[PDB]
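Sequence plus experimental coordinates follow:
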Amino acid sequence: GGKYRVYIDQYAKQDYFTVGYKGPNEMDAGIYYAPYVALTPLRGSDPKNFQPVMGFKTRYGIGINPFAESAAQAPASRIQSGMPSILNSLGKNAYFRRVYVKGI
Amino acid sequence: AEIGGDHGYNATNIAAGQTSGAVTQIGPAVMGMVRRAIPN
Amino acid sequence: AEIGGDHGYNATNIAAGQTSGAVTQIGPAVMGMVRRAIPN
Amino acid sequence: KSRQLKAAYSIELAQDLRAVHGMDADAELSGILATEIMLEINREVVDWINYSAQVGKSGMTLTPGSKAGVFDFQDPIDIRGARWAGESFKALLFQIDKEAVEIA
Amino acid sequence: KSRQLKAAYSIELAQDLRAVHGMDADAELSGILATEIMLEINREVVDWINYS
Amino acid sequence: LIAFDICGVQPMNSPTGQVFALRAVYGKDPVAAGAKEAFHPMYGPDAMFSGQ
Amino acid sequence: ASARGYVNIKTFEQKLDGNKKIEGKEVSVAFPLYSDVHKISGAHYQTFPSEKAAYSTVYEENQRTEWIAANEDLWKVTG
Amino acid sequence: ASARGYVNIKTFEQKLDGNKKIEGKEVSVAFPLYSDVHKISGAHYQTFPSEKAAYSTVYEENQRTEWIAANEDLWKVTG
Amino acid sequence: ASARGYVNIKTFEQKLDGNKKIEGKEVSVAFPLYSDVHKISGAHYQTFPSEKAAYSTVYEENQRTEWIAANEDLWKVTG
Amino acid sequence: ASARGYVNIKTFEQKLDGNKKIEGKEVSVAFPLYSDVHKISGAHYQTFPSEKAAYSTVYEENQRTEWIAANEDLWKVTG
Amino acid sequence: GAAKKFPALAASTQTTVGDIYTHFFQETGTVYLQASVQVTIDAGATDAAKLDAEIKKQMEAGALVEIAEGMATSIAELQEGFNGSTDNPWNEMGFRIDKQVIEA
Amino acid sequence: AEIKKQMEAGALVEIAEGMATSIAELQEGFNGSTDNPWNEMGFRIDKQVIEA
C-alpha cells in the first residue's frame, strides 16, 4: 500500500505474517541487535600432525525495548535483564503482532 | 589461564560490574534513557 | 513525597546504583586504578 | 553473547583440490564459514521477533466469531462474507490494518 | 639448574580489558613473568648467603 | 538475508551496556504496588484524582 | 541475610477516634524488597538502613507479597 | 535462591591412578559467590549461567565456606 | 563383493562416563559405500584400504541402510 | 647404593582397553644404568634425579638386563 | 548448539516449560522450539508426516515456539578445552565436490 | 613462633633452589610425560565504593 515494508520469511515453518512497528531511531524498535566484535579470523596449525586449523569469532548481544511489554505500570525488582526470555518477552512485545494464516 | 569470564545474565550482577573472571568492570556503560510519550 | 532515599551503604547496591527511593542511579564512575610497585 | 565456527582442512586435500580442480581449498572455506555465521545471525533476529510478538487477531482485533490468532480464508467470519479471490484477499488486508492500529 | 613460568591468557580477556580499562592483558603478564623470575633469583642468592 | 531493518541496533563499542526508563507515577508511592502510571498509552488518566 | 542490607521501619502508634487507633509496629525489610515496594508516606513512621535486620519481624527478599500485604497492614485501624 | 542467578559447574568423571578416580560433580554456585571465590582451572569441566540453580546441589550467597570446600572437593579422589 | 575393494574401519573403546563405555567395533565397508556415506569423523579410530574385507563384519555396496545404522552405532554407549 | 645418584621414575596408571590397564609403577634406577639403557618415553610418566633412591624398588647399576626388562615392563598391560 | 545439545521433539514427547526441544521438519528445515506450556505430543503421530503436523499445531497454539540463541561468552571463551574445560568442541563446516555424467 | 625458634637454632634453614633440567624439559607433557604443568600467574582487578 506504499506503507509497510514487506519481507519474506524464506524459512517460515507454517504460514503466517507478523506486523511490526519501527521508529526512525536506532533505539525505537521493540528488539535490538547490538554488534560488538565481528568476523575475527583465527589461524594456526596443530604441530602434533601439522594439519592447518582455521576459523572465525564474533560477539553481539540483543535486547528488549524498555516498556515493550506495555502491560504494567512498573517493573518488579527495578533492575532487570533486557535479554528476552519466557518471563519477559514471549508473547508480550507491543511492537509486534503475529497472525497465522490458513486456507490460501 | 587468565579468564575474561562473563557476567551472570542478571541485572544486579551486571549493573554492579561483577564478572566470573579475573577482571571487575567499571559498569555497563550508558545507553541513554527512554521517556514515556504524552497522550494527545 | 519524591524521596531521594538511599543505598544500604552496601557495596553491591552502590555499585549497581540501586536505591531505596524513587530513582535508580547509573554508577559510581572512576577515581582511577591503584597498583603496587615492584620490590627492590 | 558470542558465536564461532571452524573449517580445519587437511594438507593433502588442498594439494589435490588445487592440482586437479584449480581450487584455493583455503579461501573457499573462509568464505563458507563467514557466510554461515552471517546467515545464522540474521535468522536469530527474525526468530526473536516472532518469539516476542504477541498473538494478533486477539483482544480488540477480534471479530467475535473468529478463532483467536489465526485468519482462515475458508471461514466466512474471518473473510467477512467475502467471495472468490477478489474479495477474500481484501479481507486479509483489512486484518493487517487492524493489527497495525493495535500496535500504535 | 632451571627456572621457568607460564602466563596463558585469553583473547576475550584482552578484548574487554582494553575496551573498559585501557590495559593490554599481555603486557601486564609478560611483566609479571619476567619480574617474578628475577625477584626469586635475587632472593635465592641472598638466602644461600644466609644459609652458608 | 532480511538484513536488520526490522529491528533496532544500539551497537556496542564496549560490552554490556545499560538503559534507563522514566515513568510518571501518581499516589505518593512512586515505588509501590498499585502505583498507577500517569501517561501509560493504554490507560486513561485518573480523571477524578485532582477533582472530586 | 539479603546481603544487600535492610530497611528498618517503625510505625508510631497514633489515636484516630473514640476506641480507634493505628497500632505501632517494628519491622525489617530486605533492601531490594523495600526498593521494590513501599506504601509508607503520610504514615507516622521512621526509617533507617542497616547491615542486618534490626527487628524480630523480617520480610526477606523472596517474600514479595507478604511485604506488600504488610504495608497495607501498617495503616490498619484497631481498637 | 541467589535471587540473581548462578554459575552452573559440571565436572566429568576422570580416572586418576590405579583404583583411584575423580568423582564427577554437578553444582550450582550463586553468581556473586563464584565471582568472589573460585578455583575452576584444570577441573575437567563445563560451565553455564542460569536464573535458577540447574542442579540439586546449590551454594548460596551466605554459604561461603561450604562452597570453598565444595570447590576443592571437585578434585577429591575416591574409589 | 563390490570388486572395488574396501575401506576398513576400527574404532577403539572409550570410558565415556561412570560405568559407561563405547565399545570398539571392526567394520569393513565396501569402498563405494564408504565413499557415499561416512560419518566417521571424531570416531576414535584407525583405517586402511584392502582388496578383501579385513573384518568379519562387512557391509556390501547394496546394503546402504544397514551400513548407515552400523555407522551411527560406532558411538553407541552401553553399560 | 650406586654412589653416583639415581633417576627416579613414576609411571601413572592408564587404561588401555576393555578390562586392560597399564599398571602404575614407581622405581628407582642407578643414574649410570638409566643413562645406559631405558625405554621410557611416551609412557604417561614423571622423572626426577636424587642423591638416594626415592622408591622401594631400585635397580642398582649391577643389574643391566634385570633393569632393561623392568623398564620394558612399564608398558605391560593386565586385567 | 555448540554449548549444549537439545532433546529431540518426537512422538509423545512431554515438554516441560521453558526447555528447548528440536526437530527437523521434512519440509522448511530445522526448528528449535521453546516450550511455553507443559504438553504431550501424542504418539498417535508416529510417521514423520503426522509428527510434523502435530508439532506445527503445537506451534500454532503457542505451546511451543521458535527460538534461537548465542553462546555465553563464559562458555565461548573456553570452547575446545581451554583452562581445563572439557567436551566442548567448536562446530565446524566445509565442502565436498561430486559429479554426474551423460552419454551420446 | 616455634618455627622462628627452630630457625634461630639452625634446625630449620631458609632455602631456595632452581629445578632439575631433567624435569623442566618435560614440563607439561613433553615426550610423554604427565601431570607436570608449568606454574603460572595472572592478575585480577577489584574495586571499592563510597558514599556522601
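Alright, I've got the coordinates. Residues are numbered from 1 along each chain as shown, chains lettered A, B, ... in the order given.

isn't there a helix covering residue D:43?
Yes. Assessed with DSSP: H, G, I helix; E, B strand; the rest coil, residue D:43 lies in a helix.

Neighbours of the closest residue in space to residue B:5 that isn't next to it in sequence, how many?
Among residues not flanking residue B:5 along the chain, residue B:21 sits closest, at 2.1 Å (CB to CB, 6 or more residues apart in numbering or on different chains). In short, each C-beta sits where N, CA and C put it, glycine included. Residue B:21 is flanked by 24 other residues according to other CB atoms under 10 Å in any protein chain shown.

my read: residue B:21 touches residue B:8, true?
No. The pair residue B:21 and residue B:8 does not pass the contact test of CB atoms under 8 Å, sitting 11.7 Å apart.

Contacts only, for the residue nearest to residue B:5.
B:3, B:4, B:5, B:6, E:13, K:74 (CB atoms under 8 Å, 6 or more residues apart in numbering or on different chains).

can you give me the strands in the chain?
As the question left the chain open, I've gone with chain A. For chain A, the strands defined by DSSP state E occupy A:16-20, A:31-33, A:37-46, A:51-59, A:62-64, A:93-102.

my bad, chain G
For chain G, the strands defined by DSSP E occupy G:6-11, G:14-17, G:20-22, G:25-30, G:45-50, G:57-59, G:77-78.

Now distance to residue H:6 and mean neighbour count too, for the ones you listed, in a markdown table please.
Listed next are those as a markdown table, based on distance: least, CB to CB, whole Å; neighbours: other CB atoms under 10 Å in any protein chain shown:
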| stretch | distance to residue H:6 | mean neighbour count |
| --- | --- | --- |
| strand G:6-11 | 24 | 23 |
| strand G:14-17 | 45 | 10 |
| strand G:20-22 | 42 | 14 |
| strand G:25-30 | 19 | 22 |
| strand G:45-50 | 27 | 14 |
| strand G:57-59 | 24 | 18 |
| strand G:77-78 | 44 | 10 |
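
of all those strands, which lies closest to chain J?
Chain J lies closest, by CB to the nearest CB, to one member of these: strand G:25-30, at 51.4 Å.

Which strands or helices does the closest one pack on?
Packed against strand G:25-30 by the contact rule (3 or more CB pairs under 8 Å, 6 or more residues apart in numbering or on different chains; DSSP states H and E) you find strand G:6-11, strand G:57-59.

okay if I get the ones you listed as CSV plus distance to residue F:31?
Below are the helices and strands packed on strand G:25-30 laid out as CSV (distance: least, CB to CB, whole Å):
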stretch, distance to residue F:31
strand G:6-11, 12
strand G:57-59, 15
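
Which residue does chain D have closest to chain H?
Counting by CB to the nearest CB, chain D gets nearest chain H through residue D:1, at 10.4 Å.

who touches the closest residue to that residue other than its chain neighbours in this structure?
Distances taken as CB to CB, 6+ apart put residue K:70 closest to residue D:1, at 3.4 Å, once the chain neighbours are dropped. Contacts for residue K:70 (CB under 8 Å, 6+ apart) come out as A:60, A:61, D:1, D:2, D:3, D:44.

mind redoing it with 10 Å?
By CB atoms under 10 Å, 6 or more residues apart in numbering or on different chains, the residues touching residue K:70 are A:58-62, D:1-3, D:40-41, D:44, K:2-3, K:76.

cool, residue A:84 as well?
Residue A:84 touches A:31, A:62-64, A:68, A:90, A:92-93, D:48-49, D:51-52, K:67, K:69, counting by CB under 10 Å, 6+ apart.

try residue D:53
Taking CB under 10 Å, 6+ apart as the test, what residue D:53 contacts is A:16, A:18-20, A:30-31, A:89-99, D:103, K:65.

again, but for residue D:19
Neighbouring residues of residue D:19 by CB under 10 Å, 6+ apart: residue D:25.

OK, contacts around the closest residue to residue D:42 other than its chain neighbours?
Leaving aside its chain neighbours, residue D:42 sits nearest to residue F:1 (4.4 Å; criterion: CB to CB, 6+ apart). Neighbouring residues of residue F:1 by CB under 10 Å, 6+ apart: A:7, A:10, D:38, D:39, D:41, D:42, D:43, D:45, D:46.

Report the closest residue of chain G relative to chain J.
For chain G, the residue closest to chain J is residue G:3, as judged by CB to the nearest CB, at 43.6 Å.

how near is that residue to residue I:16?
Residue G:3 is 40 Å from residue I:16, where distance means CB to CB, to the nearest Å.

so residue D:88 touches residue A:101, yeah?
No. Between residue D:88 and residue A:101 there is no contact under CB atoms under 10 Å: 11.7 Å.

Overlap in contacts, the two.
Listed contacts common to residue D:88 and residue A:101 are D:73, D:78; contacts here mean CB under 10 Å, 6+ apart.

Among the helices and strands packed on strand G:25-30, which comes closest to chain A?
Nearest to chain A, of all the helices and strands packed on strand G:25-30, is strand G:6-11, at 13.8 Å by CB to the nearest CB.

So which other helices or strands are in contact with that closest one?
Helices and strands in packing contact with strand G:6-11 are listed as strand G:25-30, helix G:31-36, strand G:45-50, strand G:57-59, helix G:65-73; criterion 3 or more CB pairs under 10 Å, 6 or more residues apart in numbering or on different chains; DSSP states H and E.

Please state the offset of that strand from the chain centre?
How far strand G:6-11 lies from its chain's middle: 5 Å, per CA atoms, centre = their mean, to the nearest Å.

Could you say which helix or strand holds the residue nearest to residue D:42?
For residue F:1, there is no helix or strand it lies in under DSSP states H and E.

Tell me the spacing between it and chain G.
Distance of residue F:1 to chain G, computed by CB to the nearest CB, to the nearest Å: 42 Å.

That residue and residue D:28: what is the separation?
From residue F:1 to residue D:28 the distance is 20 Å (CB to CB).

and residue D:90, what does it touch?
Residues in contact with residue D:90 (CB under 10 Å, 6+ apart) are D:79, D:80, D:82.

got a list of contacts for stretch D:26-40?
A:38-39, A:41, A:43, A:52, A:54-58, D:3-9, D:14, D:17-18, D:24, F:1, K:1, K:68, K:70, K:91-95.

Return the distance of stretch G:41-59 from the chain's centre.
Offset of stretch G:41-59 from its chain centre (CA atoms, centre = their mean): 6 Å.

Next, the distance between the ends of that stretch.
Start-to-end span of stretch G:41-59 (CA to CA, to the nearest Å) is 19 Å.

and that stretch with chain F, contact?
Yes. Stretch G:41-59 lies within reach of chain F by CB under 10 Å from any CB of the partner chain, at G:41, G:42.

now the contacts of residue A:84 as CSV including distance to residue J:39 and neighbour count?
Formatted as CSV, the contacts of residue A:84 follow (distance: CB to CB, whole Å; neighbours: other CB atoms under 10 Å in any protein chain shown):
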residue, distance to residue J:39, neighbour count
A:31, 65, 25
A:62, 58, 20
A:63, 61, 21
A:64, 65, 24
A:68, 70, 22
A:90, 64, 19
A:92, 69, 19
A:93, 69, 25
D:48, 60, 25
D:49, 65, 24
D:51, 62, 24
D:52, 65, 28
K:67, 57, 21
K:69, 52, 19
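
Which of the residues you listed sits closest to chain J?
Lowest distance from chain J to the contacts of residue A:84 (CB to the nearest CB) belongs to residue K:69, with 37.1 Å.

All set now, cheers.
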